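What follows is the content of data24.pdb (PDB, C-alpha atoms and all ligand atoms).
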ATOM      1  CA  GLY P   1     -41.454  78.702 -65.275  1.00  0.00           C
ATOM      2  CA  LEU P   2     -41.028  79.540 -61.603  1.00  0.00           C
ATOM      3  CA  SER P   3     -43.431  81.016 -59.085  1.00  0.00           C
ATOM      4  CA  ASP P   4     -42.584  84.061 -57.009  1.00  0.00           C
ATOM      5  CA  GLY P   5     -41.928  81.867 -53.988  1.00  0.00           C
ATOM      6  CA  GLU P   6     -39.557  79.712 -56.003  1.00  0.00           C
ATOM      7  CA  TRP P   7     -37.628  82.741 -57.253  1.00  0.00           C
ATOM      8  CA  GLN P   8     -37.403  83.942 -53.639  1.00  0.00           C
ATOM      9  CA  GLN P   9     -35.802  80.626 -52.719  1.00  0.00           C
ATOM     10  CA  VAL P  10     -33.348  80.887 -55.631  1.00  0.00           C
ATOM     11  CA  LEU P  11     -32.249  84.365 -54.644  1.00  0.00           C
ATOM     12  CA  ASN P  12     -31.968  83.369 -51.004  1.00  0.00           C
ATOM     13  CA  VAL P  13     -29.655  80.492 -51.941  1.00  0.00           C
ATOM     14  CA  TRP P  14     -27.723  82.851 -54.193  1.00  0.00           C
ATOM     15  CA  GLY P  15     -26.890  85.003 -51.168  1.00  0.00           C
ATOM     16  CA  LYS P  16     -24.782  82.093 -49.934  1.00  0.00           C
ATOM     17  CA  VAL P  17     -22.838  82.156 -53.197  1.00  0.00           C
ATOM     18  CA  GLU P  18     -22.351  85.931 -53.194  1.00  0.00           C
ATOM     19  CA  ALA P  19     -20.706  85.788 -49.769  1.00  0.00           C
ATOM     20  CA  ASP P  20     -17.796  83.869 -51.346  1.00  0.00           C
ATOM     21  CA  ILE P  21     -18.182  83.995 -55.106  1.00  0.00           C
ATOM     22  CA  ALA P  22     -14.592  82.986 -55.859  1.00  0.00           C
ATOM     23  CA  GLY P  23     -14.610  79.987 -53.519  1.00  0.00           C
ATOM     24  CA  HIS P  24     -17.933  78.753 -54.882  1.00  0.00           C
ATOM     25  CA  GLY P  25     -16.808  79.355 -58.462  1.00  0.00           C
ATOM     26  CA  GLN P  26     -13.524  77.533 -57.902  1.00  0.00           C
ATOM     27  CA  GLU P  27     -15.258  74.490 -56.436  1.00  0.00           C
ATOM     28  CA  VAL P  28     -17.890  74.390 -59.191  1.00  0.00           C
ATOM     29  CA  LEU P  29     -15.217  74.269 -61.889  1.00  0.00           C
ATOM     30  CA  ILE P  30     -13.118  71.730 -59.969  1.00  0.00           C
ATOM     31  CA  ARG P  31     -16.175  69.500 -59.574  1.00  0.00           C
ATOM     32  CA  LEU P  32     -16.855  69.810 -63.322  1.00  0.00           C
ATOM     33  CA  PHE P  33     -13.269  69.103 -64.359  1.00  0.00           C
ATOM     34  CA  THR P  34     -12.706  66.180 -61.983  1.00  0.00           C
ATOM     35  CA  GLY P  35     -16.101  64.573 -62.551  1.00  0.00           C
ATOM     36  CA  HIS P  36     -16.041  65.035 -66.349  1.00  0.00           C
ATOM     37  CA  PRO P  37     -12.426  65.306 -67.534  1.00  0.00           C
ATOM     38  CA  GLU P  38     -13.482  65.778 -71.157  1.00  0.00           C
ATOM     39  CA  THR P  39     -14.729  69.245 -70.122  1.00  0.00           C
ATOM     40  CA  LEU P  40     -11.187  70.367 -69.272  1.00  0.00           C
ATOM     41  CA  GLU P  41     -10.242  69.853 -72.912  1.00  0.00           C
ATOM     42  CA  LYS P  42     -12.506  72.738 -73.933  1.00  0.00           C
ATOM     43  CA  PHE P  43     -10.340  75.189 -71.944  1.00  0.00           C
ATOM     44  CA  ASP P  44      -7.017  75.945 -73.590  1.00  0.00           C
ATOM     45  CA  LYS P  45      -5.986  77.873 -70.501  1.00  0.00           C
ATOM     46  CA  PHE P  46      -6.727  75.033 -68.071  1.00  0.00           C
ATOM     47  CA  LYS P  47      -5.824  71.896 -70.038  1.00  0.00           C
ATOM     48  CA  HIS P  48      -2.327  72.036 -68.487  1.00  0.00           C
ATOM     49  CA  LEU P  49      -3.851  71.178 -65.114  1.00  0.00           C
ATOM     50  CA  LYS P  50      -3.179  67.502 -64.447  1.00  0.00           C
ATOM     51  CA  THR P  51      -3.987  67.185 -60.738  1.00  0.00           C
ATOM     52  CA  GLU P  52      -6.703  68.562 -58.525  1.00  0.00           C
ATOM     53  CA  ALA P  53      -3.977  70.096 -56.340  1.00  0.00           C
ATOM     54  CA  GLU P  54      -2.857  72.135 -59.357  1.00  0.00           C
ATOM     55  CA  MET P  55      -6.495  73.074 -59.959  1.00  0.00           C
ATOM     56  CA  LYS P  56      -6.863  74.193 -56.336  1.00  0.00           C
ATOM     57  CA  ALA P  57      -3.649  76.222 -56.519  1.00  0.00           C
ATOM     58  CA  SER P  58      -4.596  77.978 -59.773  1.00  0.00           C
ATOM     59  CA  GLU P  59      -5.505  81.618 -59.250  1.00  0.00           C
ATOM     60  CA  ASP P  60      -6.647  81.937 -62.857  1.00  0.00           C
ATOM     61  CA  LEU P  61      -9.135  79.103 -62.343  1.00  0.00           C
ATOM     62  CA  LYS P  62     -10.566  80.948 -59.349  1.00  0.00           C
ATOM     63  CA  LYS P  63     -10.712  84.111 -61.461  1.00  0.00           C
ATOM     64  CA  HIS P  64     -12.650  82.331 -64.184  1.00  0.00           C
ATOM     65  CA  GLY P  65     -14.963  80.857 -61.561  1.00  0.00           C
ATOM     66  CA  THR P  66     -15.789  84.420 -60.502  1.00  0.00           C
ATOM     67  CA  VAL P  67     -16.560  85.352 -64.124  1.00  0.00           C
ATOM     68  CA  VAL P  68     -18.850  82.334 -64.578  1.00  0.00           C
ATOM     69  CA  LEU P  69     -20.852  82.762 -61.381  1.00  0.00           C
ATOM     70  CA  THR P  70     -21.096  86.536 -61.821  1.00  0.00           C
ATOM     71  CA  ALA P  71     -22.693  85.956 -65.205  1.00  0.00           C
ATOM     72  CA  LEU P  72     -25.051  83.290 -63.865  1.00  0.00           C
ATOM     73  CA  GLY P  73     -26.034  85.454 -60.918  1.00  0.00           C
ATOM     74  CA  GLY P  74     -26.912  88.314 -63.241  1.00  0.00           C
ATOM     75  CA  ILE P  75     -29.158  85.953 -65.203  1.00  0.00           C
ATOM     76  CA  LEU P  76     -30.834  84.511 -62.096  1.00  0.00           C
ATOM     77  CA  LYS P  77     -31.610  87.987 -60.756  1.00  0.00           C
ATOM     78  CA  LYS P  78     -33.735  88.607 -63.870  1.00  0.00           C
ATOM     79  CA  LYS P  79     -36.225  85.936 -62.688  1.00  0.00           C
ATOM     80  CA  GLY P  80     -36.611  84.465 -66.166  1.00  0.00           C
ATOM     81  CA  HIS P  81     -36.618  87.742 -68.132  1.00  0.00           C
ATOM     82  CA  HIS P  82     -33.081  87.103 -69.294  1.00  0.00           C
ATOM     83  CA  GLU P  83     -33.218  87.079 -73.114  1.00  0.00           C
ATOM     84  CA  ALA P  84     -30.682  89.903 -73.496  1.00  0.00           C
ATOM     85  CA  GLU P  85     -28.282  88.415 -70.937  1.00  0.00           C
ATOM     86  CA  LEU P  86     -28.577  84.845 -72.186  1.00  0.00           C
ATOM     87  CA  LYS P  87     -28.281  85.399 -75.963  1.00  0.00           C
ATOM     88  CA  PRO P  88     -24.555  86.372 -76.020  1.00  0.00           C
ATOM     89  CA  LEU P  89     -23.653  83.449 -73.750  1.00  0.00           C
ATOM     90  CA  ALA P  90     -25.591  80.988 -75.883  1.00  0.00           C
ATOM     91  CA  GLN P  91     -23.913  82.376 -78.986  1.00  0.00           C
ATOM     92  CA  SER P  92     -20.369  82.332 -77.609  1.00  0.00           C
ATOM     93  CA  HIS P  93     -20.742  78.869 -76.115  1.00  0.00           C
ATOM     94  CA  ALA P  94     -22.193  77.374 -79.291  1.00  0.00           C
ATOM     95  CA  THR P  95     -20.141  79.169 -81.928  1.00  0.00           C
ATOM     96  CA  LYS P  96     -16.799  80.000 -80.316  1.00  0.00           C
ATOM     97  CA  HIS P  97     -16.302  77.563 -77.428  1.00  0.00           C
ATOM     98  CA  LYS P  98     -18.312  74.672 -78.944  1.00  0.00           C
ATOM     99  CA  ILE P  99     -19.820  73.535 -75.641  1.00  0.00           C
ATOM    100  CA  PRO P 100     -22.448  70.770 -76.011  1.00  0.00           C
ATOM    101  CA  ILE P 101     -25.630  71.207 -73.985  1.00  0.00           C
ATOM    102  CA  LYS P 102     -24.642  68.047 -72.071  1.00  0.00           C
ATOM    103  CA  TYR P 103     -21.802  69.973 -70.441  1.00  0.00           C
ATOM    104  CA  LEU P 104     -24.310  72.592 -69.279  1.00  0.00           C
ATOM    105  CA  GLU P 105     -26.206  69.755 -67.613  1.00  0.00           C
ATOM    106  CA  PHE P 106     -22.933  68.647 -65.973  1.00  0.00           C
ATOM    107  CA  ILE P 107     -22.217  72.120 -64.577  1.00  0.00           C
ATOM    108  CA  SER P 108     -25.807  72.486 -63.360  1.00  0.00           C
ATOM    109  CA  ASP P 109     -25.543  69.315 -61.295  1.00  0.00           C
ATOM    110  CA  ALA P 110     -22.096  70.435 -60.098  1.00  0.00           C
ATOM    111  CA  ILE P 111     -23.634  73.618 -58.671  1.00  0.00           C
ATOM    112  CA  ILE P 112     -26.137  71.532 -56.685  1.00  0.00           C
ATOM    113  CA  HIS P 113     -23.315  69.290 -55.443  1.00  0.00           C
ATOM    114  CA  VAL P 114     -21.163  72.219 -54.300  1.00  0.00           C
ATOM    115  CA  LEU P 115     -24.066  73.880 -52.468  1.00  0.00           C
ATOM    116  CA  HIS P 116     -24.634  70.743 -50.395  1.00  0.00           C
ATOM    117  CA  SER P 117     -20.896  70.318 -49.835  1.00  0.00           C
ATOM    118  CA  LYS P 118     -20.332  73.875 -48.559  1.00  0.00           C
ATOM    119  CA  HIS P 119     -23.681  74.266 -46.749  1.00  0.00           C
ATOM    120  CA  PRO P 120     -24.563  70.786 -45.441  1.00  0.00           C
ATOM    121  CA  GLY P 121     -27.905  70.793 -43.712  1.00  0.00           C
ATOM    122  CA  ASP P 122     -28.466  74.373 -44.857  1.00  0.00           C
ATOM    123  CA  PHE P 123     -29.645  73.668 -48.437  1.00  0.00           C
ATOM    124  CA  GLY P 124     -33.141  72.368 -47.865  1.00  0.00           C
ATOM    125  CA  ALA P 125     -35.336  70.304 -50.135  1.00  0.00           C
ATOM    126  CA  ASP P 126     -37.428  73.306 -51.190  1.00  0.00           C
ATOM    127  CA  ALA P 127     -34.275  75.301 -51.961  1.00  0.00           C
ATOM    128  CA  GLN P 128     -32.847  72.437 -54.024  1.00  0.00           C
ATOM    129  CA  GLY P 129     -36.122  72.185 -55.922  1.00  0.00           C
ATOM    130  CA  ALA P 130     -36.162  75.861 -56.817  1.00  0.00           C
ATOM    131  CA  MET P 131     -32.480  76.060 -57.738  1.00  0.00           C
ATOM    132  CA  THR P 132     -32.836  72.991 -59.952  1.00  0.00           C
ATOM    133  CA  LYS P 133     -35.818  74.501 -61.760  1.00  0.00           C
ATOM    134  CA  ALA P 134     -33.927  77.749 -62.304  1.00  0.00           C
ATOM    135  CA  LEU P 135     -30.936  75.927 -63.807  1.00  0.00           C
ATOM    136  CA  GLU P 136     -33.304  73.878 -65.984  1.00  0.00           C
ATOM    137  CA  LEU P 137     -34.867  77.078 -67.312  1.00  0.00           C
ATOM    138  CA  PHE P 138     -31.410  78.517 -68.045  1.00  0.00           C
ATOM    139  CA  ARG P 139     -30.366  75.334 -69.852  1.00  0.00           C
ATOM    140  CA  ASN P 140     -33.648  75.102 -71.763  1.00  0.00           C
ATOM    141  CA  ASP P 141     -33.427  78.644 -73.095  1.00  0.00           C
ATOM    142  CA  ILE P 142     -29.823  78.008 -74.141  1.00  0.00           C
ATOM    143  CA  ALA P 143     -31.003  74.804 -75.832  1.00  0.00           C
ATOM    144  CA  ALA P 144     -33.516  76.789 -77.873  1.00  0.00           C
ATOM    145  CA  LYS P 145     -30.736  79.034 -79.177  1.00  0.00           C
ATOM    146  CA  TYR P 146     -28.544  76.009 -79.895  1.00  0.00           C
ATOM    147  CA  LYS P 147     -31.353  74.531 -82.012  1.00  0.00           C
ATOM    148  CA  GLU P 148     -31.754  77.785 -83.926  1.00  0.00           C
ATOM    149  CA  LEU P 149     -28.019  77.626 -84.689  1.00  0.00           C
ATOM    150  CA  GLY P 150     -28.051  73.929 -85.557  1.00  0.00           C
ATOM    151  CA  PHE P 151     -25.399  73.293 -82.943  1.00  0.00           C
ATOM    152  CA  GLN P 152     -24.896  69.831 -81.458  1.00  0.00           C
TER
HETATM  153  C1  LIG E   1     -23.412  78.238 -65.798  1.00  0.00           C
HETATM  154  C2  LIG E   1     -22.942  78.044 -67.034  1.00  0.00           C
HETATM  155  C3  LIG E   1     -21.896  78.877 -67.651  1.00  0.00           C
HETATM  156  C4  LIG E   1     -21.795  80.238 -67.687  1.00  0.00           C
HETATM  157  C5  LIG E   1     -22.689  81.234 -66.969  1.00  0.00           C
HETATM  158  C6  LIG E   1     -20.620  80.555 -68.412  1.00  0.00           C
HETATM  159  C7  LIG E   1     -20.137  81.856 -68.556  1.00  0.00           C
HETATM  160  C8  LIG E   1     -19.004  82.197 -69.268  1.00  0.00           C
HETATM  161  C9  LIG E   1     -18.545  83.525 -69.474  1.00  0.00           C
HETATM  162  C10 LIG E   1     -19.180  84.770 -68.858  1.00  0.00           C
HETATM  163  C11 LIG E   1     -17.438  83.454 -70.263  1.00  0.00           C
HETATM  164  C12 LIG E   1     -16.607  84.605 -70.781  1.00  0.00           C
HETATM  165  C13 LIG E   1     -17.335  85.384 -71.910  1.00  0.00           C
HETATM  166  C14 LIG E   1     -17.697  84.510 -73.090  1.00  0.00           C
HETATM  167  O1  LIG E   1     -16.782  83.949 -73.731  1.00  0.00           O
HETATM  168  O2  LIG E   1     -18.906  84.416 -73.444  1.00  0.00           O
HETATM  169  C15 LIG E   1     -17.195  82.059 -70.528  1.00  0.00           C
HETATM  170  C16 LIG E   1     -16.131  81.580 -71.274  1.00  0.00           C
HETATM  171  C17 LIG E   1     -15.979  80.226 -71.530  1.00  0.00           C
HETATM  172  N1  LIG E   1     -16.806  79.234 -71.171  1.00  0.00           N
HETATM  173 FE1  LIG E   1     -18.367  79.332 -70.065  1.00  0.00          FE
HETATM  174  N2  LIG E   1     -20.084  79.451 -68.917  1.00  0.00           N
HETATM  175  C18 LIG E   1     -20.802  78.384 -68.501  1.00  0.00           C
HETATM  176  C19 LIG E   1     -20.616  77.025 -68.752  1.00  0.00           C
HETATM  177  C20 LIG E   1     -19.558  76.524 -69.492  1.00  0.00           C
HETATM  178  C21 LIG E   1     -19.235  75.154 -69.691  1.00  0.00           C
HETATM  179  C22 LIG E   1     -19.977  73.977 -69.109  1.00  0.00           C
HETATM  180  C23 LIG E   1     -18.063  75.107 -70.423  1.00  0.00           C
HETATM  181  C24 LIG E   1     -17.239  73.952 -70.860  1.00  0.00           C
HETATM  182  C25 LIG E   1     -17.261  72.717 -70.377  1.00  0.00           C
HETATM  183  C26 LIG E   1     -17.696  76.436 -70.719  1.00  0.00           C
HETATM  184  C27 LIG E   1     -16.633  76.784 -71.514  1.00  0.00           C
HETATM  185  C28 LIG E   1     -16.201  78.099 -71.629  1.00  0.00           C
HETATM  186  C29 LIG E   1     -14.952  78.406 -72.344  1.00  0.00           C
HETATM  187  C30 LIG E   1     -14.029  77.407 -73.000  1.00  0.00           C
HETATM  188  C31 LIG E   1     -14.776  79.727 -72.214  1.00  0.00           C
HETATM  189  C32 LIG E   1     -13.587  80.534 -72.665  1.00  0.00           C
HETATM  190  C33 LIG E   1     -12.512  80.546 -71.582  1.00  0.00           C
HETATM  191  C34 LIG E   1     -11.299  81.369 -71.952  1.00  0.00           C
HETATM  192  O3  LIG E   1     -10.400  80.905 -72.683  1.00  0.00           O
HETATM  193  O4  LIG E   1     -11.198  82.541 -71.543  1.00  0.00           O
HETATM  194  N3  LIG E   1     -18.651  77.272 -70.173  1.00  0.00           N
HETATM  195  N4  LIG E   1     -18.184  81.301 -69.918  1.00  0.00           N
END
Is it possible to give me this structure as structure tokens?
Ligand code: HEM
Amino acid sequence: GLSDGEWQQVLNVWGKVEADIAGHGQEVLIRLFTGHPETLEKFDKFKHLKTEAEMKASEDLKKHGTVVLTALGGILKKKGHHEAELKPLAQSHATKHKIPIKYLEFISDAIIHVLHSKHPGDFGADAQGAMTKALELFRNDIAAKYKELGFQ
């Protein structure tokens, strides 16, 4: 549950992402894959990537980063009223992709890391607080759908 002022912070931060969605999306996925190599194994189309240089050179990885952040941005712009947008993603990630909630924690922290890396000194403590709460809400509502489905 976020206040209006917290949502305003989230959507202000998101403007930084929308200025370069593919570059942010690329770095988020690279941070996930390099920090948690078991996550790469869930992607049949990226498992061939052995080095970070290959990851950086991959145009399909940048494309998928755009898909991921476009979906997340659409959810964030709903300011918590995201049941219709979140349900299909929860269902596909639990039932088709088999993504444990832990990996959603990993990608949430990766987003925070990338924001500080690309905007050092320009991602203030209030902005980090609000973005973290928004990603916690996203993860928590996914977790509720995972429990419904019995998925671990
Ligand atoms: C911010 C969190 C994330 C969002 C918004 C997101 C969004 C998406 C979207 C929009 C798709 C394509 C449509 C679909 O299949 O439902 C997708 C596919 C997928 N996602 Fe995610 N995802 C997230 C996190 C993750 C994580 C952490 C993993 C694994 C570690 C993952 C694994 C996958 C896989 C394996 C696919 C299919 C890729 C392919 O072969 O085309 N997702 N995701």
| query | Just how far from atom CA of residue P:89 is atom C12 of ligand LIG 1 (chain E), in Å to one decimal? | reply |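 Going from atom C12 of ligand LIG 1 (chain E) over to atom CA of residue P:89 covers 7.7 Å.
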| message | For the provided coordinates, the residues matched by the PyMOL selection byres (((not hetatm)) within 10 of (chain E and resi 1)) should be stated as a PyMOL selection string. | response | chain P and resi 25+28-29+32-33+36-46+60-61+64-75+85-94+96-108+110-111+135+138-139+142
| request: Find the residues near residue P:129: any atom within 12 Å, counting all atoms listed in the file, skip ones fewer than 4 places away on the same chain, and give them as a list in words. | output: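 Contacts, with the query itself left out: residues 2, 3, 5, 6, 7, 9, 10, 13, 112, 123, 124, 125, 133, 134, 135 and 136 of chain P.
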Could those selected residues go to a file with C-alpha atoms, as an mmCIF file, in the frame of the given file?
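Output (part.cif):
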data_model
loop_
_atom_site.group_PDB
_atom_site.id
_atom_site.type_symbol
_atom_site.label_atom_id
_atom_site.label_comp_id
_atom_site.auth_asym_id
_atom_site.auth_seq_id
_atom_site.Cartn_x
_atom_site.Cartn_y
_atom_site.Cartn_z
ATOM 1 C CA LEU P 2 -41.028 79.540 -61.603
ATOM 2 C CA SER P 3 -43.431 81.016 -59.085
ATOM 3 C CA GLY P 5 -41.928 81.867 -53.988
ATOM 4 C CA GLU P 6 -39.557 79.712 -56.003
ATOM 5 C CA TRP P 7 -37.628 82.741 -57.253
ATOM 6 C CA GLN P 9 -35.802 80.626 -52.719
ATOM 7 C CA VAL P 10 -33.348 80.887 -55.631
ATOM 8 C CA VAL P 13 -29.655 80.492 -51.941
ATOM 9 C CA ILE P 112 -26.137 71.532 -56.685
ATOM 10 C CA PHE P 123 -29.645 73.668 -48.437
ATOM 11 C CA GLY P 124 -33.141 72.368 -47.865
ATOM 12 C CA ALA P 125 -35.336 70.304 -50.135
ATOM 13 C CA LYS P 133 -35.818 74.501 -61.760
ATOM 14 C CA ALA P 134 -33.927 77.749 -62.304
ATOM 15 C CA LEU P 135 -30.936 75.927 -63.807
ATOM 16 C CA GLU P 136 -33.304 73.878 -65.984
#
| said: Could you list, as a PyMOL selection string, every residue within 10 Å of residue P:63, counting only C-alpha atoms and ignoring same-chain residues fewer than 6 positions away? | reply: chain P and resi 21-23+25-26
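Run against this file, the PyMOL selection byres (((chain P and resi 151) around 9) and not hetatm) gives back residues 94, 95, 98, 100, 145, 146, 147, 148, 149, 150 and 152 of chain P.
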As a PDB file, keeping the file's coordinate frame, please: stretch 74-87 of chain P completed to N, CA, C and O atoms.
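Writing the result to out10.pdb gives the following:
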ATOM      1  N   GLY P  74     -26.194  87.268 -62.534  1.00  0.00           N
ATOM      2  CA  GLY P  74     -26.912  88.314 -63.241  1.00  0.00           C
ATOM      3  C   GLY P  74     -28.136  87.791 -63.965  1.00  0.00           C
ATOM      4  O   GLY P  74     -29.178  88.453 -64.001  1.00  0.00           O
ATOM      5  N   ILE P  75     -28.031  86.589 -64.535  1.00  0.00           N
ATOM      6  CA  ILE P  75     -29.158  85.953 -65.203  1.00  0.00           C
ATOM      7  C   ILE P  75     -30.236  85.575 -64.190  1.00  0.00           C
ATOM      8  O   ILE P  75     -31.423  85.870 -64.382  1.00  0.00           O
ATOM      9  N   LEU P  76     -29.842  84.958 -63.076  1.00  0.00           N
ATOM     10  CA  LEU P  76     -30.834  84.511 -62.096  1.00  0.00           C
ATOM     11  C   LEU P  76     -31.611  85.687 -61.517  1.00  0.00           C
ATOM     12  O   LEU P  76     -32.819  85.585 -61.258  1.00  0.00           O
ATOM     13  N   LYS P  77     -30.944  86.821 -61.323  1.00  0.00           N
ATOM     14  CA  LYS P  77     -31.610  87.987 -60.756  1.00  0.00           C
ATOM     15  C   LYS P  77     -32.670  88.586 -61.684  1.00  0.00           C
ATOM     16  O   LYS P  77     -33.494  89.385 -61.222  1.00  0.00           O
ATOM     17  N   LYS P  78     -32.688  88.192 -62.949  1.00  0.00           N
ATOM     18  CA  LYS P  78     -33.735  88.607 -63.870  1.00  0.00           C
ATOM     19  C   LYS P  78     -35.016  87.792 -63.737  1.00  0.00           C
ATOM     20  O   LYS P  78     -36.002  88.131 -64.399  1.00  0.00           O
ATOM     21  N   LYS P  79     -35.020  86.727 -62.932  1.00  0.00           N
ATOM     22  CA  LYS P  79     -36.225  85.936 -62.688  1.00  0.00           C
ATOM     23  C   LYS P  79     -36.916  85.517 -63.988  1.00  0.00           C
ATOM     24  O   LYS P  79     -38.136  85.632 -64.139  1.00  0.00           O
ATOM     25  N   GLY P  80     -36.112  85.006 -64.925  1.00  0.00           N
ATOM     26  CA  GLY P  80     -36.611  84.465 -66.166  1.00  0.00           C
ATOM     27  C   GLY P  80     -36.651  85.439 -67.326  1.00  0.00           C
ATOM     28  O   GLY P  80     -36.783  85.001 -68.474  1.00  0.00           O
ATOM     29  N   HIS P  81     -36.597  86.741 -67.065  1.00  0.00           N
ATOM     30  CA  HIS P  81     -36.618  87.742 -68.132  1.00  0.00           C
ATOM     31  C   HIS P  81     -35.192  88.083 -68.549  1.00  0.00           C
ATOM     32  O   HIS P  81     -34.703  89.202 -68.380  1.00  0.00           O
ATOM     33  N   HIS P  82     -34.533  87.077 -69.120  1.00  0.00           N
ATOM     34  CA  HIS P  82     -33.081  87.103 -69.294  1.00  0.00           C
ATOM     35  C   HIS P  82     -32.652  86.991 -70.755  1.00  0.00           C
ATOM     36  O   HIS P  82     -31.497  86.637 -71.020  1.00  0.00           O
ATOM     37  N   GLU P  83     -33.546  87.282 -71.704  1.00  0.00           N
ATOM     38  CA  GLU P  83     -33.218  87.079 -73.114  1.00  0.00           C
ATOM     39  C   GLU P  83     -31.948  87.830 -73.510  1.00  0.00           C
ATOM     40  O   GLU P  83     -31.051  87.264 -74.150  1.00  0.00           O
ATOM     41  N   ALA P  84     -31.832  89.095 -73.101  1.00  0.00           N
ATOM     42  CA  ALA P  84     -30.682  89.903 -73.496  1.00  0.00           C
ATOM     43  C   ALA P  84     -29.392  89.393 -72.866  1.00  0.00           C
ATOM     44  O   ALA P  84     -28.321  89.463 -73.480  1.00  0.00           O
ATOM     45  N   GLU P  85     -29.465  88.909 -71.633  1.00  0.00           N
ATOM     46  CA  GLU P  85     -28.282  88.415 -70.937  1.00  0.00           C
ATOM     47  C   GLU P  85     -27.871  87.039 -71.425  1.00  0.00           C
ATOM     48  O   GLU P  85     -26.678  86.705 -71.430  1.00  0.00           O
ATOM     49  N   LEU P  86     -28.845  86.232 -71.834  1.00  0.00           N
ATOM     50  CA  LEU P  86     -28.577  84.845 -72.186  1.00  0.00           C
ATOM     51  C   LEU P  86     -28.094  84.703 -73.624  1.00  0.00           C
ATOM     52  O   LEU P  86     -27.222  83.875 -73.899  1.00  0.00           O
ATOM     53  N   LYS P  87     -28.641  85.500 -74.545  1.00  0.00           N
ATOM     54  CA  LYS P  87     -28.281  85.399 -75.963  1.00  0.00           C
ATOM     55  C   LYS P  87     -26.775  85.416 -76.225  1.00  0.00           C
ATOM     56  O   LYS P  87     -26.285  84.495 -76.901  1.00  0.00           O
TER      57      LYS P  87
END
